[PDB]
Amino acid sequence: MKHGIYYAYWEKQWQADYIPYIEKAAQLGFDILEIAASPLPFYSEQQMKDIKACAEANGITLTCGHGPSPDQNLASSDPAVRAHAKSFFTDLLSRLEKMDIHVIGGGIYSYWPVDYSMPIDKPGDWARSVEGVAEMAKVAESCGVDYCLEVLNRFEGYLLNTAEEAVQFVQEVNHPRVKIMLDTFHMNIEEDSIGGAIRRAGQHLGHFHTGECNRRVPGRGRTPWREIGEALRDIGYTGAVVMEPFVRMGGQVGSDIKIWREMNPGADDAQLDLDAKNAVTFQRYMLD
């Protein structure tokens, strides 16, 4: 396995130039830096080659996370949205190829954050989501990207909340590029069993997020790390393990992640960096 970290660990806003964070992951000992997809549609052809070059220069592979906008909801009962959602993802995946990224994961069968001020039709949206993700699988294949559907706690998604639901979903999609993505934070809320969830996913497992129950760095929480590493080894998982910690109050990040308390009472960015350095040292040692 390769071990990574989401960039938003350092940001207070959902937006940054990624090159500084590629360098930062290298100095702190990561193999992967995971980036958000939102700026990629607005990159120059040269801008994509800038980032691909710097990534390769540092020995770091890039992964991609994305929480779709409401305008990007492949499940929507509005035809015009489903058509645009397909527009966005088709263009996104080709730019992922140009940047030489082979993994995209998130609520990319729905939209994040969900708006529950609306009536929910899960069977209707489910069917539409499967059809639309099936179409996007063809594109993902042509660009060489694994299209990993993230299982989410009930407060952030409604279609895929358990690994069991994810299996039935990707089986109906029925395309090798559509894989399951699991997240220890989301798993900690919905799953009957953590090791059991990982084993249900099995060969369908294409991506893995790590984090503690309250989203601290791995090792500062009650996440069953020993059980997790046993289950990933049982299913021969060789993919990426990307820690997605959120410990900083304030900004749209602190507000979209619902951080309403300081998680590290007055600590400099040098404390966070060592916190990450220590966390990925612990992660490798628990899961490898």
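For every residue, the number given is its place in the sequence shown, counted from 1.
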Original post:
Comparing 117-125 with 200-208, which stretch shows the greater average C-alpha B-factor in the deposited entry?
Top reply: 117-125
**OP:** Identify the stretch, either 147-155 or 87-95, whose C-alpha atoms have the larger mean B-factor according to the entry.
**Re:** 87-95
Subject >> Selection by C-alpha B-factor (highest) of 228, 235, 240, 253 >> reply: 253
Subject >> Third of chain Cα B-factors occupied by residue 47 >> reply: highest
Original post:
Lowest, middle or highest third of the chain for the C-alpha temperature factor of residue 141?
Top reply: middle
**OP:** Sorting the chain's modelled residues by C-alpha B-factor, tell me whether residue 66 ends up in the lowest, middle or highest third.
**Re:** middle
**OP:** Using the B-factors in the PDB entry, rank residue 248's C-alpha atom against the chain and give the third, lowest, middle or highest.
**Re:** highest
Original post:
Against its chain's modelled residues, does residue 39's Cα B factor rank lowest, middle or highest third?
Top reply: highest
